[PDB]
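**Student:** What would the 3D arrangement of this be:
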Amino acid sequence: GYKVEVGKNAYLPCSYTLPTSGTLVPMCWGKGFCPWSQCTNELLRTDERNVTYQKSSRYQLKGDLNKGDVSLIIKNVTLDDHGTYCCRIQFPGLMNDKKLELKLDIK
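**Tutor:** Residues are numbered from 1 along each chain as shown. Please find the structure below.
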């Protein structure tokens, strides 16, 4: 698990292999273990082309999304932001979904 210190910025890597004609797949960042469909506690989320749910402000995708970089970044972390996180790549269909549980431990 990653160790950020209180007040600092958290960084959680998460990317997917982008096909030839940049076709973006919807994804979802959700605090807490990955469930079974959708993100349990949504922090940020993509459509195609950019966000659809975005209490975004602290939370951002500091990498470029149109190349498969949907890495999350969290500004000024308290102890609240510690726990499990989830970048879910939602592929067209059911039972695809590249689930990724990242752990964050504040210090």
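
**Student:** Who are the contact partners of the closest residue to residue 1 other than its chain neighbours?
**Tutor:** Leaving out its chain neighbours, the residue that sits closest to residue 1 by Cβ to Cβ, 6 or more residues apart in numbering is residue 103, at 3.6 Å. (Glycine included, C-beta is placed from N, CA and C.) With contacts defined as Cβ atoms under 8 Å, 6 or more residues apart in numbering, the neighbours of residue 103 are 1-2, 83-85.

**Student:** which residues of this structure fall in strands?
**Tutor:** Ranges of strands in the chain, per DSSP state E, are 2-4, 10-12, 27-30, 42-46, 51-54, 59-61, 72-74, 83-89, 101-106.

**Student:** Show me what the second one is in contact with.
**Tutor:** Pointing back at strand 10-12 there. With contact meaning Cβ under 8 Å, 6+ apart, strand 10-12 is reached by 2, 4, 62, 71-74, 77, 81, 85, 87, 102, 104.

**Student:** run the last query once more with 7 Å
**Tutor:** 2, 4, 71-74, 77, 81, 85, 102, 104 (Cβ atoms under 7 Å, 6 or more residues apart in numbering).

**Student:** any idea which of those is closest to residue 29?
**Tutor:** residue 72 (5.1 Å; Cβ to Cβ).
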